[PDB]
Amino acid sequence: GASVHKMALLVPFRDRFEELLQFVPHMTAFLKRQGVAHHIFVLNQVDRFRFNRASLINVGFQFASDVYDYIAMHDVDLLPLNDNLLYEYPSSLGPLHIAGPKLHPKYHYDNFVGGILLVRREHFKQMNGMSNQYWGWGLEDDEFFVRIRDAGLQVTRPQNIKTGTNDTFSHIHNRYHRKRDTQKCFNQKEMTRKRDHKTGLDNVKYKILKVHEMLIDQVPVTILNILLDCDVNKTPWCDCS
């Protein structure tokens, strides 16, 4: 009756249904080939504020059952094309970053931890998850990198991968079709550039309005409809309208 690690695949989501239909069969087959037990949670942001990838991931982490002993923060549009990218339980060193800057098609800087990042449950809890202050594109992953170093942890990446930035992942994301929300308002630039010791997993404010059970060509996926709250006295750049 051997125990096996189980991965909660946490997919930040808003208006990406076409991407989702490609994601689910691709990831299900890819993970089955390497024997990784897992479940996909689509973290569907249904408030009207700007997209907040990091807070959705905090909510996903809270919701997912304790049976999942590690999470994969996973963009819905970024699909691994190399079976040697192992989505395995991370070591004691810290998070396992699958979409490394030598492998990612777009981002190539040393401490990039975006795209696909696998974290043990206990490490994520020790770090108080991710900051809640990042509304709109950018920076939430870089702040989480500092959280990793501040916890005395390190990032590990796949070794001896022979593919490179052109052929390790498919990133089907056209910048005019899916526009990156890079607006700034109020003092967003100056506030989001600073390390956030005040927010995270323990104080993300939200309601899950509905949980949907979906099957896509027989593959079960959970949809969380997440209503994020924004405190405009703290982060008014949740809405630049």
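Don't overthink the numbering: it's just position in the shown sequence, from 1.
Trainee: Averaging CA B factors per stretch from the PDB record, which one is higher: 166-174 or 133-141?
Mentor: The stretch with the larger mean CA B-factor is 166-174.
Trainee: Which wins on mean Cα temperature factor, 192-200 or 41-49?
Mentor: Averaging CA B-factors over each stretch, the winner is 192-200.
Trainee: For the listed 118, 76, 93, 81, which has the peak Cα B-factor recorded in the PDB entry?
Mentor: Result of the comparison over 118, 76, 93, 81: 81.
Trainee: Name the residue from 123, 147, 106, 97 with the greatest C-alpha temperature factor listed in the entry.
Mentor: By C-alpha B-factor in the record, 106 ranks first.
Trainee: Tell me, lowest, middle or highest third: where does the Cα B factor of residue 12 rank within its chain?
Mentor: Lowest third of the chain for residue 12's C-alpha B-factor.
Trainee: Check where residue 217 lands among this chain's C-alpha B-factors and tell me if it's the lowest, middle or highest third.
Mentor: Highest third, going by the recorded CA B-factors of the chain.
Trainee: How does the C-alpha B factor of residue 55 compare with the rest of the chain: lowest, middle or highest third?
Mentor: Lowest third, going by the recorded CA B-factors of the chain.
Trainee: For the chain shown, is the CA B-factor of residue 68 in the lowest, middle or highest third of its modelled residues?
Mentor: Middle third of the chain for residue 68's C-alpha B-factor.
Trainee: Please rank the C-alpha B-factors of the chain's modelled residues and tell me whether residue 186 sits in the lowest, middle or highest third.
Mentor: Highest third.
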